[PDB]
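Descriptive structure summary
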Amino acid sequence: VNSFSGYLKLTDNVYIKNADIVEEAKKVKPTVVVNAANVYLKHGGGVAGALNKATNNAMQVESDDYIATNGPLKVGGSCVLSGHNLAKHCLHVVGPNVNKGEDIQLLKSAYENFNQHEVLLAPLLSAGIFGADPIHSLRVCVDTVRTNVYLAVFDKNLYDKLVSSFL
Ligand SMILES: O=C(O)c1cnc2ccccc2c1
């Protein structure tokens, strides 16, 4: 049994809810929240900016030190950093950004990072300002992630479309 509440069941391991991811993290304090990161861990907009703002910029300070030491992530890759006030850990995952011309086949590689964690709170990778089709992102998620994933969809309209169209 876990703390996640109100989630619509999709499969054996994937759950979905219309939720503000900052607000969900603040309430649950999950072991792992996933950030929709870029390779530079520059948390300007979307989920990354929202999450970072909720940490009072401490996520960005930590991220800048990580990049200064390790250099950029790979598209499809990830790193584990602090969850600050939101979670125990933040898994920063880089899905391909269609608005930069990145290979959408890298979306499966991105989701494979989730399998290293038994339970996660996450957004749909490569959705929103990353430019991918969220219906596609949900399909790749269900077909790739084997661990227990609780997906927070920001748009109520999109949430309803994802549920209604789910095979
Ligand atoms: O899911 C997103 O794309 C997203 C974008 N903006 C946000 C702003 C505040 C809180 C959550 C957000 C989530």
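The following refers to the structure shown. (Residues numbered from 1 in each chain as written, not as in the entry; some residues may be left out. Heavy atoms only, no water. Residues with missing side-chain atoms left out of burial classes, pairs and counts.)

With that settled, the discussion passes to the pattern of salt bridges. All chains considered together, the criterion is met by four salt bridges. Between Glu24 and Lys17 there is a salt bridge, with the nearest N and O atoms lying 2.9 Å from each other. Using a relative accessible area of 7% as the deciding quantity, one classes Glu24 as buried. A salt bridge links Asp160 to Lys156; its shortest N-O distance comes to 2.8 Å. Linking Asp160 with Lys156, this pair stays in helix α6 (residues 156–164), spanning four residues, or about one helical turn. (Salt bridge = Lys/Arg side-chain N within 4 Å of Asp/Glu carboxyl O. Buried < 20%, exposed > 50% of the residue type's maximum accessible area, 1.4 Å probe, protein only. Helix = DSSP H or I, 4+ residues; strand = E, 2+ residues; numbered from the N terminus.)

The next subject is the site of the ligand. All residues adjacent to the ligand are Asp20, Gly46, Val47, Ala50 and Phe154. In isolation the ligand has 320 Å² of accessible area, and contact with the protein removes 66% of it. (Near = heavy atom within 4 Å. Areas by Shrake-Rupley, 256 points an atom, 1.4 Å probe, with all protein chains shown as cover.)

In this section: helix α3 (residues 58–70). Look at α3: 18 Å from first C-alpha to last across 13 residues, which is about the 18 Å you get at 1.5 Å a residue. Among all positions of α3, only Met59, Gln60, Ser63, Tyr66 and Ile67 are buried. Each buried residue of α3 sits inside an arc of 120° when the element is viewed along its axis, so together they form one side. Residues of α3 that are exposed and point over 90 degrees away from its buried face: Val61, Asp65, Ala68 and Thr69. (Expected span 1.5 Å × (residues − 1). Arc of directions from axis to C-beta.)

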